[PDB]
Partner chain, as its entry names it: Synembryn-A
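Heads up, the chain below is alone and in the form solved without its partner chain; it's given as structure tokens.
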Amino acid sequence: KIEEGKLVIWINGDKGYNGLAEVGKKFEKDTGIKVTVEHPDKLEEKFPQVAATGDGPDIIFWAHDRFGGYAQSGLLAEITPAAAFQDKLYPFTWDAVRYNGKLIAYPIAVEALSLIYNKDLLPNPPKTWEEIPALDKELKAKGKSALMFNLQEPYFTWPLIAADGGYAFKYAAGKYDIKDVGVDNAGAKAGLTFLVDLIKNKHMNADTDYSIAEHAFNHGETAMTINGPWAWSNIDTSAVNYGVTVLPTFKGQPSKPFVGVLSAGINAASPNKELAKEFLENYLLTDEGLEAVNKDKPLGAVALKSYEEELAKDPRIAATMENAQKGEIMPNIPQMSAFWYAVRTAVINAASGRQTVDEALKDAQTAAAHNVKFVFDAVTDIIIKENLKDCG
């Protein structure tokens, strides 16, 4: 049930929800409207689940790739900022939140993965992925390891899969061909094979997740990790002297991270749309609002021109944008959910050894193109009981 007269905001648990809450407190000081920020697990799947029945948060934060699927499902209010407000954000960010001719979210910040390295353990980080096995062996001889990053989310392995030619959906001349999936071509195979070989050769562990990799890097056990700007705050707190730099190349080609625009959508079922717009435009998307969030966990390259002009001087933001330029902006099309599901399965199954790389990526190509298609529907949530009073 969406309560009228307050704002409930959902944002992922790796981002600056405490900073966002401080913007919420200022909003409440000025308007009397309470703002509650939450960071539920599996947020990108929980939101459409509950929003399809007319429930959930007033405002949902996620990278823009999920938002077309939400908008297709009728879950997002159309936003209509004044032209003067839109001009305060970089024009391309509005295109990341445009779906079937409608703006369906407010852009917040540009996210790209970078290579993060411990300068004391590895002052000259590898320019190539191919160098990493030898670096790990040298570090293993001294009780350390070269690289740990989250192997549970395909977001983190995609830059390497895409480096030598892997792609999600083919596009040209303003349109994707969503039946032309590029996760099983030679470049995709070569990239995932390199990753799986790192695991088979004991340079990484298939079970490593976000927390395990973060703990190992921030405690100086591994020389490198792969992560986004939000992760820098926890490293700042640690004793690690780190750099943020370009991802290693593979087969002479840049790693190509999928670039996300962290975006704020308004639940189409929210009875607080006017307050949500006021909060997002006049409190969050200001220098002071973004500062509060960014101070908690860095946002990346923010969409708000006035504040990005400050942040762009940070060499970590420069590295973020160098990696971003070498990658691709994620599609926001609904089939992105099938793509991510397919690649997640393939990476997990190839890394664990349940399938070979070639078997896993053959399945992933057919899954993303033909054999997976998610449709949200309020019926999926109904439970029938003998008495109609106990149904729901």
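Numbering follows the first chain given and starts at 1.
Chemist: So 26-34 or 47-55, which one's hotter by mean CA B-factor in the entry?
Modeler: It is 26-34.
Chemist: Which has higher Cα B-factors on average according to the PDB entry: 165-173 or 231-239?
Modeler: Comparing 231-239 with 165-173, the higher average CA B-factor belongs to 231-239.
Chemist: From the list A112, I226, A83, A96, select the residue with the highest C-alpha B factor recorded in the entry.
Modeler: The record points to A83.
Chemist: By the entry's C-alpha temperature factors, tell me which of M330, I60, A350, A364 sits highest.
Modeler: Within the set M330, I60, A350, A364, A350 shows the top C-alpha B-factor.
Chemist: With respect to C-alpha B-factor, does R316 fall in the lowest, middle or highest third of the chain as deposited?
Modeler: Ranked within chain, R316 CA B lands in the middle tercile.
Chemist: Pull the Cα B-factor of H39 out of the PDB entry and bin it into the chain's lowest, middle or highest third.
Modeler: It falls in the middle third of the chain.
Chemist: Taking the entry's C-alpha B-factors for this chain, is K127 in the lowest, middle or highest third?
Modeler: CA B-factor rank for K127: highest third.
Chemist: Consider only the C-alpha atoms of the modelled residues in this chain, order them by B-factor as the entry records it, and name the third containing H215: lowest, middle or highest.
Modeler: Tercile = highest for this residue's CA B-factor.
Chemist: Please place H203 in the lowest, middle or highest third of its chain according to the CA B-factor in the PDB entry.
Modeler: Answer is middle: the recorded C-alpha B-factor places it there.
This protein has a second form, the form deposited with its partner chain bound, left out of what is shown; the following refers to that one.
Chemist: Which among 301-309, 213-221, 115-123, 259-267 is in contact with its partner chain in the entry with it bound, heavy atoms within 4.5 angstroms?
Modeler: The contacting stretch here is 213-221.
Chemist: I need to confirm a contact call. Of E359, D41, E38, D30, which residue comes within 4.5 Å of its partner chain in the entry with it bound, counting heavy atoms only?
Modeler: Contact check passes for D41.
Chemist: Let me know the one among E288, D236, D207, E138 whose heavy atoms come within 4.5 Å of its partner chain in the entry with it bound, would you?
Modeler: That would be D207.
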